[PDB]
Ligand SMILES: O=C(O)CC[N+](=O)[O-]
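We begin with a single chain expressed as structure tokens, specifically the form deposited without ligand 3NP.
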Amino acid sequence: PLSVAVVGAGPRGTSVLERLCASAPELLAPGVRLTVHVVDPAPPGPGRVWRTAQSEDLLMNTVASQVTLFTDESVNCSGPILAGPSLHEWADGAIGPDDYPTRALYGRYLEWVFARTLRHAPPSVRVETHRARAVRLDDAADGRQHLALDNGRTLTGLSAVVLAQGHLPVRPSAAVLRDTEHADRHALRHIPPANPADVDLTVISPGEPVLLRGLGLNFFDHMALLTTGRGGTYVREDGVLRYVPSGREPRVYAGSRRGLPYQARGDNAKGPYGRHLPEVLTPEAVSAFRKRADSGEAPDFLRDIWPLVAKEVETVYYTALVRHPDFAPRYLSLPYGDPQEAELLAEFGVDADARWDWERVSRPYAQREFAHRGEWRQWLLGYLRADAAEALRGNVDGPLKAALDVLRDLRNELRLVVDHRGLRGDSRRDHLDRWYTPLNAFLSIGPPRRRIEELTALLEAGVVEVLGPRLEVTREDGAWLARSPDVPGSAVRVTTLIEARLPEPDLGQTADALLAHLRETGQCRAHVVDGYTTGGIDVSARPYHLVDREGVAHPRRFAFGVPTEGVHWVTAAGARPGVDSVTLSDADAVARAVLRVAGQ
């Protein structure tokens, strides 16, 4: 009997399964029965990340109305549109449309979408689930696929295999290996990069000095598990929030190179579907860059693309500030940085000190010197109160927060520019990977306003201290010493060091047995751009055929999602409804390429 496999049953593998079911009526000759083998060690639909068993203190950073696993009439794909409830719609009042659902609520949704997909499967499709890890993929002698499972079963005679493996484990770095040995030598707790939901924090005693290294979204997970996750609660009084300790909290210290928590997402004022539509980095501009890349002279991010992005962000900021319909047409007609930008801003009455400054935005303390921890704390509380305030204004009327949400709304235009060798190698390395991606994340992939407010209250209550910029950490006899060179008197010896970040996809250092087998036998390879290696797994153009060390696109092997980071930009994001989501059209294209290779 005809047979294919999907490796991974998270949102992406679940979506491949739903799109297979959708197009199998059209693409399988009548009377043909296809078995789809779905393989995941975690219960299928949510997979590992979204599993319903995890702690309820952990949130999504997407509002509930903007999360789906269903196609809609806006999705440009060849498969049939099969409409279904968004997270919000399904949750039946459990969560508001502009509120952040718990990860377990998204799990309960994903669980239901898996079960529904099975119930609605056409007669031509039989689904077989496997509570196992796939560990080897090989060509059989005839060119069909053998997939070996860790439970001793082997799947043979496979027409196609889809790898939707998502957030894979990575070998500990050199730094993380030293810091873990140090914990072993002096009985300390080292927690290496991980989903915060996957870590055991119960070994951290009340009052323990802990360093959270990292101030992004992993940091806010840990912040919550070590406070509200231990009996802590908040109380709102005359608008302002207050933390009510349980007495079980550690003494939490945090820091990073930048020294700042990620910016609050402006409160959504764009409803479920609305966004800033591109007016500088436009489809027309993106076609011009694709053409230059295909004819072998790819653009430079910093010289060619950044100026278009900065112009959009600055334009939306000043449009929200001036609120005059004549303004934006005149500001858009000017090249980025032209002397007339200033003259026009002056004409519409914008003081030289409300002007935009990428230096203030990324390094808002940089004018300022800190005599001790207390000056740093007073400045930081000022900063976080101003961030919360700005986010309350929302992503339409709030000048700053609408401007920064542009960075979110340009993701698809930027994907189309940089993806599949769209940049010179040296630019991808020095401009995108090592500057823009992290800045972007700081500015536009931060937490809900609520979490900034909470952190503000936790600083006031003394439960959490943020150390300061350029976090230094040293192994010392019996502890780690953490300080900020920019904040005298911030030295503190901790006995728990938590790396508050996810492992970044790295094929080179993968801990997944299956990808390691494929790498070592030359059946996949790191995606390389002009001599820069990304450790994404290399794939072809949609529908993303796996590429081997010889440069051959495998007709029977597809890869889709986080492991392809480098080929694709910001793969760690879900599907949005009503905005021609590329996750859903990618899934449709993969499903039809699989059905086609099976029905010859």
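Just count from 1 along the sequence shown to find any residue number.
A summary of the deposited B-factors shows that, of 29-37 and 553-561, the stretch with the larger mean C-alpha value is 29-37. Mean C-alpha B-factor is higher over 475-483 than over the other stretch, the pair under comparison being 448-456 and 475-483. Of all the options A352, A197, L158, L163, the entry's greatest CA B-factor is assigned to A352.
Among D387, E343, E284, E314, the highest C-alpha B-factor in the deposited entry belongs to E343.
In the PDB entry, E18 places in the middle third of its chain by CA B-factor. For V594, the recorded CA B-factor ranks within the lowest third of the chain. Only modelled residues enter the ranking. When the modelled residues of the chain are ordered by their C-alpha B factor, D548 lands in the middle third. Among the modelled residues of the chain, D184 sits in the highest third by CA temperature factor in this PDB entry. Residue-level temperature factors show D530 in the highest third of its chain, judged at the C-alpha atom.
The protein also exists as the form solved in complex with ligand 3NP; that form is not presented, and the subsequent description refers to it.
Transferring ligand 3NP from its position in the deposited bound form by superimposing the surrounding C-alpha atoms leaves no ligand atom within 2.4 angstroms of any backbone or C-beta atom of the displayed chain; the site is open. Among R355, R108, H517, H190, the residue placing a heavy atom within 4.5 Å of ligand 3NP in the deposited bound form is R355. Only one of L155, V361, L334, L344 comes within 4.5 Å of ligand 3NP in the deposited bound form through a heavy atom, and that residue is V361.
Looking at 454-462, 244-252, 111-119, 347-355, the stretch with residues near ligand 3NP in the deposited bound form, meaning non-hydrogen atoms within 4.5 angstroms, turns out to be 347-355. Residue contact with ligand 3NP in the deposited bound form: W480 places no heavy atom within 4.5 Å of it. Proximity of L400 to ligand 3NP in the deposited bound form falls within the 4.5 Å heavy atom cutoff. Mapping the unseen interface onto this chain, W376 falls outside it, with no heavy atom inside 4.5 Å of ligand 3NP in the deposited bound form. The closest heavy atom approach of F301 to ligand 3NP in the deposited bound form falls outside 4.5 Å. Contacts between 291-321 and ligand 3NP, taken as any heavy atom within 4.5 Å in the deposited bound form, involve only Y317.
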